[PDB]
Amino acid sequence: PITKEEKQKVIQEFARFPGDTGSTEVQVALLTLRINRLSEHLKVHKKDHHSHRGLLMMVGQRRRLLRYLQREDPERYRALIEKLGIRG
């Protein structure tokens, strides 16, 4: 949605391809952004109840991200963990 700042270091760092940004890994990263801008939602809005429009999958997309990636690979559970916001 932004533009030039949509690649300053979003996928280019996560997506290692012109189409590896839609992967599940690059998304888990976008799961963090939608998180920070999720609390500042009603802190500016002023006419659009029914918030949280499916804006929950983002939280569940980290509280158990290992149940998917780490599950289909124990090694993959030790790379984006330091570049997303999993444990420490």
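Residues numbered from 1 in each chain as written, not as in the entry; some residues may be left out. Heavy atoms only, no water.

- Structure determination for this PDB entry was carried out by solution NMR, as recorded in the header.

### Quick notes on a positive patch on the surface
- Residues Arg63, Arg64, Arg67 and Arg71 make up a contiguous surface patch of positive charge.
- With respect to the helices and strands, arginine 71 occurs in the segment after α2 (57–60).
- On the basis of relative accessibility, which here comes to 63%, the residue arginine 71 falls in the exposed class. (Patch = residues over 30% accessible without salt bridge, like charges linked within 9 Å, V, L, I, M, F, W, Y side chains within 5 Å. Areas by Shrake-Rupley, 256 points an atom, 1.4 Å probe, with all protein chains shown as cover. Salt bridge = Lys/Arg side-chain N within 4 Å of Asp/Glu carboxyl O. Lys, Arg positive; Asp, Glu negative; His and termini not counted. Charge placed at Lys NZ, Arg CZ, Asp CG, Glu CD. Helix = DSSP H or I, 4+ residues; strand = E, 2+ residues; numbered from the N terminus. Buried < 20%, exposed > 50% of the residue type's maximum accessible area, 1.4 Å probe, protein only.)

### Considerations on the environment of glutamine 12
- Within the element layout of this structure, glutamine 12 appears in the segment before α1 (24–39).
- Using a relative accessible area of 41% as the deciding quantity, one classes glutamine 12 as partly exposed.
- With 75 residues separating them along the chain, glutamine 12 and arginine 87 place their C-alpha atoms 23 Å apart.
- Within the structure, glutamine 12 has its side chain in polar contact with the backbone oxygen of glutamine 8 (distance 3.4 Å). (Polar contact = N/O pair within 3.5 Å; in protein donor to acceptor, adjacent residues only side chain to side chain.)

### Notes on unusual backbone geometry
- For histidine 50, which is not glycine, the phi dihedral falls at a positive 65°.
- Structurally, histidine 50 is set in the loop between α1 and α2.
- Judged by its relative accessible area of 77%, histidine 50 is exposed.

### Quick look at α1
- Its 16 residues place the ends of α1 23 Å apart at the C-alpha level, agreeing with the 22 Å of an ideal helix rising 1.5 Å per residue.
- Against the buried residues of α1 lie α2. (Expected span 1.5 Å × (residues − 1). Contact = heavy atoms within 4.5 Å.)

### Side note on the side chain of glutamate 25
- Take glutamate 25: it is sitting in helix α1.
- The buried category is assigned to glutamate 25, whose relative accessible area is 11%.
- Excluding residues within four positions of it along the chain, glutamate 25 makes contact with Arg16, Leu69, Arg76 and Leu80.

### A look at the environment of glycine 54
- Turning to its location among the elements, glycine 54 is positioned in the loop between α1 and α2.
- It is 28 Å that separates the C-alpha atoms of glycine 54 and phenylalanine 17, two residues lying 37 residues apart in sequence.

### Structural notes on the pattern of salt bridges
- Applying the stated criterion across every chain yields a total of four salt bridges.
- Residue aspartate 20 pairs with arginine 16 through a salt bridge whose shortest N-O separation is 3.1 Å.
- The exposure class assigned to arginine 16 is partly exposed, which follows from its relative accessible area of 47%.
- Each of the salt bridges in this network shares a partner with another, and the network as a whole consists of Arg16, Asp20, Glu25 and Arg76.

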